[PDB]
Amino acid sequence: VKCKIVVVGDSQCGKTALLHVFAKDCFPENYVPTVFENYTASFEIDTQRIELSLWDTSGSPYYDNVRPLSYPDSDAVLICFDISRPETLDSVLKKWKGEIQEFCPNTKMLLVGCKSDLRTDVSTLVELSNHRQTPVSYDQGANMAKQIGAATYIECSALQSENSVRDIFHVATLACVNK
């Protein structure tokens, strides 16, 4: 019936677009750095009505001081990274895991790779090669999920696949109700 899900990850990794496509099927036209947002409503998940409380947060270190205020009583935490920026994956390991482990010790964390569509975007690929990098590979992400002890690994593209975004929240809900 009710599940609280909080989304965290580095700035610009895709959190807000992920949440807006799910909650309104509306991809955000312009980018605005997030501080906090909450959207609480009844969603039809397959059949069953489930009341989700969705929390958006800041990826910026400058809000580290208040970010944890959103964590109490979370049923699932979606730790997100940007598939087009491998440094955001390192953050899941060096910062996000520790922060969730410290404030939501008993919560299920899902590792969510965002912007999967950028894996085939030439501009992205050229800029990454110029720094001797490639996008995070599927296997790289999955390996990071085992590394941090995440309940699962999943990927999406809020920009190009509404279904991929639906799948994120369906699995996050599953994580919630399985307890």
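Residue numbers here begin at 1 and follow the sequence given.
Asks: Would you tell me which stretch averages the higher CA B-factor in the PDB entry, 45-53 or 145-153?
Replies: Of 145-153 and 45-53, the stretch with the higher C-alpha B-factor average is 45-53.
Asks: Regarding 167-175 and 21-29, which shows the higher C-alpha temperature factor on average in the entry?
Replies: Higher mean C-alpha B-factor in the PDB entry: 21-29.
Asks: Sorting by Cα B-factor within the chain, modelled residues only, which third would residue 40 end up in: lowest, middle or highest?
Replies: Highest third, going by the recorded CA B-factors of the chain.
Asks: How does residue 120 rank on Cα B-factor within its chain, lowest, middle or highest third?
Replies: Tercile = lowest for this residue's CA B-factor.
Asks: Going by the entry, which third of its chain does the Cα temperature factor of residue 103 land in?
Replies: Highest third, going by the recorded CA B-factors of the chain.
Asks: Considering only modelled residues of the same chain, in which third does the CA B-factor of residue 34 rank: lowest, middle or highest?
Replies: It belongs to the middle third of the chain when residues are ordered by C-alpha B-factor.
Asks: Using the B-factor values recorded in the entry, state whether the Cα atom of residue 87 falls in the lowest, middle or highest third among the modelled residues of its chain.
Replies: CA B-factor rank for residue 87: highest third.
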